[PDB]
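Peer 1: experimental structure below, sequence on top.
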Protein chains: 2
Amino acid sequence: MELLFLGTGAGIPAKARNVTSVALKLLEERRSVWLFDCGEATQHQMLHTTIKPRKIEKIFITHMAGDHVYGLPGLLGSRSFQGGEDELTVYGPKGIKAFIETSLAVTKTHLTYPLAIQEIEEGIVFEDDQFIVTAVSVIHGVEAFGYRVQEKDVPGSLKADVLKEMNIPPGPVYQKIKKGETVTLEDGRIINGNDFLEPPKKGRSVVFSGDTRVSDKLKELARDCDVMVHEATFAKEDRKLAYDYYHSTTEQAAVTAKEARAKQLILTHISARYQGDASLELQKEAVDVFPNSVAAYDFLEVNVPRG
Amino acid sequence: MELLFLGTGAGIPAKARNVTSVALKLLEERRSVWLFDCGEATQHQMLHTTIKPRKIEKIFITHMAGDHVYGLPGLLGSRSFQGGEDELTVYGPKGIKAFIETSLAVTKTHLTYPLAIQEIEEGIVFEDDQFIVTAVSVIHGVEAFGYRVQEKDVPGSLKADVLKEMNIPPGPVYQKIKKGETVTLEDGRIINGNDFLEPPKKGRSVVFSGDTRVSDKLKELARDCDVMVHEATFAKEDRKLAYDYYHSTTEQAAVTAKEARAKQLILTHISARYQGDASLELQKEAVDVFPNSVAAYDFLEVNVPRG
RNA sequence: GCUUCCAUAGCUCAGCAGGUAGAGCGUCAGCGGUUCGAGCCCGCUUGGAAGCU
RNA sequence: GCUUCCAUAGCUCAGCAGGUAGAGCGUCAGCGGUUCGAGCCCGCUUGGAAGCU
Ligand SMILES: [Zn+2]
Ligand SMILES: [Zn+2]
């Protein structure tokens, strides 16, 4: 599981930063990648990474904003252009269906795969046995969300060499044991899987605030979270500039992380008004509030380890 | 007047070539630039050129195809994002209005300028005193066009130093003369402007075939034209591969130019299946039919001089 | 970096319609182009002043 | 270059459901990871075979 930022920009593309799109790699977790927001030219950034279209299972959009979605049409099309048969679900706000649907239609684009578009709302927007992705409304205007990708706890490791020392040959009967199931051994022996198990490994969590003004909702969404990808469009001083555009300030994101007891904070969606010099300044403004902070940047990849 | 190719690709972006978009620079001609097709990330390519959004007066689309239009939303938006107040007219086929209109709407994008969208059809799609842009149907499916940008003849140079030798002080009365008008001089003198004029300078012409199969219509559209930007998706041999996808072959474009008596041919919309090595091979296949041919490539700029 | 707007005799402010350059007490920043003609229109290169959703 | 699919004892063809490796006359290409356990799942690096709207 790794975070690979494909565009850390804001408003419009700049040679320094492309418009927003953060990729959550879950290849060894579920064999795929999830994009969060897909600003224009996101597929283009990808051609510089090892992330491949067909490997994207689901795109989550934070709020309808060309710098967050003008990249869907061309991306999905490319996935179809290169084969891709798996299903892809786009999760977004009201408007996302129309946008995607119209774009393909006018372009007479027939997708060689199943496209599920879901216009979400607060609460669980996707869940299975491995992950639970809850969304929430953020301060940036009606139809704006912050997402939390929560990986559910994984089972404890199998005390395999106790099973062996008990003369229980390693084989299928093993995974049944790994599942807590009580089984009957070839020797009419009965053991309770649960007995030979290690305490469960807590699962990772990543949060994407999207575009928003300092919010208490968001604070709660990222509780104890592992990584909170937070947008910091402005420096500390421009507190007013942020409020009016419904954005946030480095120091603001940092307070948020600290208050949420998040483990790490990544500042993204930086405005071109700051330089490759200010970028470390922006970062410092945050580090003074929340030690473990990082100013995201195009192609920065941050692995998320099992704490 | 110069042709600056912003994407010479085909189907999908490649680090070598971005998807289609050719810019016709008319800065010293009418203070602006016209884009022909605006594939995704076209604005991005621009950030590497001196062409600026606000400087684009009108985008002409050849046929609805994501690799030709997924770039409008983000481009127009950016023009609005950076001020821009001049009017911008997008000329395209049926579908272009819906696409542009829906994209801005869902994104709640209010344009700080007037946007005129015109869903064209064969014939003159724009004309004034300087230019006449005629469009035509090409072989690539209903709603596919090839454009000819025809600059109208400019007036002959003023025989100024004959006017002087005739003791006619240079001043306003001059441009009236440059206009053929017969005027009355400060000394109740009467001269016929037309008399002191040089033969008119013939005006330049550029053609954009767009995506199409070898066509006789196209051949006629580019008659005597100066530059014919022609799509050559395939090499000579893949004649069948081209026919089926409604595309063209180097040799085909070259025949076309030769037959049209075009002055120069630029091969574009190259498929990634060819390399930076094949690209000169592709070009050679054409040069054997039409000497003056060039394989377009990202950021190639070709000025169009007054022959 | 991006976008836009400025560098007019000795100071301020024009020249907000290309016609040998002004109003109060001068190589119109530079090189080049368009043009009959450029401070005024288009490139390029220097120096400044805002804003960057 | 892109995408996908291959490199299984001596040849062909499996192993198209992770459980000390097969059917006709073997370091499952290599290094590393996940896992109790990997030819089989995920990276990386070598060599091939198509197609690239
Ligand atoms: Zn945004
Ligand atoms: Zn095309």
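Peer 2: Cool, the structure landed. Numbering: from 1, shown residues only, chains lettered A, B, ... in the order given. Ligands and ions are numbered 1, 2, ... in the order given.
Peer 1: quick check: the residue of the stretch 151-300 of chain A nearest ligand 2.
Peer 2: Of the residues in the stretch 151-300 of chain A, the one nearest ligand 2 is residue A:298, at a distance of 27.7 Å by C-beta to the ion. For every residue, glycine as well, the C-beta is placed using N, CA and C.
Peer 1: for that residue, what are its contacts?
Peer 2: If you count contacts by C-beta atoms under 8 Å, 6 or more residues apart in numbering or on different chains, residue A:298 has them with A:5-9, A:16-18, A:45.
Peer 1: and chain A, which of its residues are near ligand 1?
Peer 2: A:65, A:67, A:211 (C-beta under 5 Å from the ion).
Peer 1: pretty sure the first one sits against residue B:106.
Peer 2: No: using C-beta atoms under 8 Å, residue A:65 makes no contact with residue B:106, being 9.8 Å away.
Peer 1: coming back round to it: just put the residues of chain A next to ligand 1 in CSV and tack on secondary structure, neighbour count and distance to chain B.
Peer 2: What follows is these, written out as CSV (DSSP: H, G, I helix; E, B strand; the rest coil; neighbours: other C-beta atoms under 10 Å in any protein chain shown; distance: C-beta to the nearest C-beta, whole Å):
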residue, secondary structure, neighbour count, distance to chain B
A:65, coil, 24, 6
A:67, helix, 26, 8
A:211, coil, 26, 13
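Peer 1: and those as a markdown table, adding distance to RNA strand D?
Peer 2: Below are these laid out as a markdown table (distance: C-beta to the nearest atom of the strand, whole Å):
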| residue | distance to RNA strand D |
| --- | --- |
| A:65 | 28 |
| A:67 | 25 |
| A:211 | 30 |
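Peer 1: export the residues you listed to CSV and tack on distance to residue A:82?
Peer 2: Shown next, in CSV, are the residues of chain A next to ligand 1 (distance: C-beta to C-beta, whole Å):
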residue, distance to residue A:82
A:65, 27
A:67, 25
A:211, 30
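Peer 1: tally up the residues packed near the residue lying closest to residue A:274 once chain neighbours are set aside, please.
Peer 2: Computed as C-beta to C-beta, 6 or more residues apart in numbering or on different chains, the closest residue to residue A:274 that is not its neighbour in sequence is residue A:282, at 5.6 Å. Other residues near residue A:282 come to 24 when the count uses other C-beta atoms under 10 Å in any protein chain shown.
Peer 1: likewise residue A:188?
Peer 2: Residues near residue A:188, counting by other C-beta under 10 Å, number 6.
Peer 1: residues touching it, list them.
Peer 2: For residue A:188, no contacting residues are found, by C-beta under 8 Å, 6+ apart.
Peer 1: give me the secondary structure label for it.
Peer 2: Recorded secondary structure, residue A:188: coil (DSSP: H, G, I helix; E, B strand; the rest coil).
Peer 1: state the distance from it to residue A:43.
Peer 2: Note on residue A:188: its distance to residue A:43, by C-beta to C-beta, to the nearest Å, is 59 Å.
Peer 1: on that earlier part again, now, which of the residues of chain A next to ligand 1 lie close to RNA strand C?
Peer 2: The residues of those that also fall near RNA strand C, by C-beta under 7 Å from any atom of the strand, are residue A:67.
Peer 1: mind putting the residues of chain A next to ligand 1 into CSV with distance to ligand 2?
Peer 2: Putting these into CSV (distance: C-beta to the ion, whole Å) gives the following:
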residue, distance to ligand 2
A:65, 28
A:67, 25
A:211, 33
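Peer 1: show me where the stretch 201-307 of chain A has helices.
Peer 2: For the stretch 201-307 of chain A, the helices defined by DSSP state H, counting those that start in this stretch cover A:216-221, A:239-245, A:250-260, A:278-287.
Peer 1: looking at those helices, which is buried most?
Peer 2: A comparison of those by mean neighbour count, using mean count of other C-beta atoms under 10 Å in any protein chain shown, puts helix A:250-260 on top with a mean of 23.
Peer 1: alpha carbons of that helix, as CSV, please.
Peer 2: Taking only C-alpha atoms (Å, rounded to 0.1, in the frame of the first residue of the first chain), the coordinates of helix A:250-260 have been written out as CSV:
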residue,chain,number,x,y,z
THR,A,250,-0.7,24.8,6.1
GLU,A,251,-1.0,25.7,9.8
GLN,A,252,-4.7,24.7,9.5
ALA,A,253,-4.0,21.3,8.1
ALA,A,254,-1.4,20.7,10.7
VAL,A,255,-3.7,21.7,13.6
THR,A,256,-6.2,19.3,12.1
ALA,A,257,-3.8,16.4,12.0
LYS,A,258,-2.6,17.0,15.5
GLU,A,259,-6.1,17.2,16.8
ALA,A,260,-7.1,14.1,15.0
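Peer 1: could you list the residues in contact with it?
Peer 2: For helix A:250-260, the external contacting residues (C-beta under 8 Å, 6+ apart) are A:209, A:214-215, A:218-220, A:222-225, A:228, A:230-232, A:234-236, A:239, A:242, A:262, A:264-265, A:267, A:282-283, A:285-290, A:293.
Peer 1: ok, residue A:12 touching residue B:76?
Peer 2: No: using C-beta under 8 Å, residue A:12 is not in contact with residue B:76; the gap is 11.9 Å.
Peer 1: what about these two, which has more around it?
Peer 2: Just comparing residue A:12 and residue B:76: by other C-beta under 10 Å the higher neighbour count belongs to residue B:76, 27 against 23.
Peer 1: show me what from the stretch 151-300 of chain A comes close to RNA strand C.
Peer 2: Residues of the stretch 151-300 of chain A lying close to RNA strand C by C-beta under 7 Å from any atom of the strand are A:233-234, A:241, A:245-247, A:271-273, A:275.
Peer 1: one more pass at 6 Å, please.
Peer 2: Counting by C-beta under 6 Å from any atom of the strand, the residues of the stretch 151-300 of chain A close to RNA strand C are A:233, A:241, A:245, A:271-273, A:275.
Peer 1: just the closest residue of the stretch 201-307 of chain A to RNA strand D, please.
Peer 2: Going by C-beta to the nearest atom of the strand, RNA strand D is nearest to residue A:201 of the stretch 201-307 of chain A, at 7.1 Å.
Peer 1: by neighbours, which of the residues of the stretch 151-300 of chain A next to RNA strand C wins?
Peer 2: By neighbour count, taken as other C-beta under 10 Å, the most surrounded of these turns out to be residue A:233 (26 neighbours).
Peer 1: how about that residue: what's its closest non-neighbour residue?
Peer 2: Take residue A:233 and drop its neighbours on the chain: the residue closest to it by C-beta to C-beta, 6+ apart is residue A:247, 3.9 Å away.
Peer 1: residue A:211 is in contact with that neighbour, correct?
Peer 2: Yes: proximity of residue A:247 to residue A:211 meets the contact threshold set by C-beta under 8 Å, at 6.6 Å.
Peer 1: what residues does the stretch 1-150 of chain A put near RNA strand D?
Peer 2: A:27-28, A:31, A:50, A:52, A:54, A:81-83.
Peer 1: need these in TSV (columns: distance to residue A:258 and secondary structure).
Peer 2: Putting those into TSV (distance: C-beta to C-beta, whole Å; DSSP: H, G, I helix; E, B strand; the rest coil) gives the following:
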residue	distance to residue A:258	secondary structure
A:27	32	helix
A:28	31	helix
A:31	35	coil
A:50	34	coil
A:52	37	coil
A:54	39	helix
A:81	45	helix
A:82	43	coil
A:83	46	coil
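Peer 1: doesn't residue A:294 make contact with residue A:8?
Peer 2: No: taking contacts as C-beta under 8 Å, residue A:8 lies outside contact range of residue A:294: 10.6 Å.
Peer 1: joint contacts of these two?
Peer 2: Counting by C-beta under 8 Å, 6+ apart, the common neighbours of residue A:8 and residue A:294 are residue A:300.
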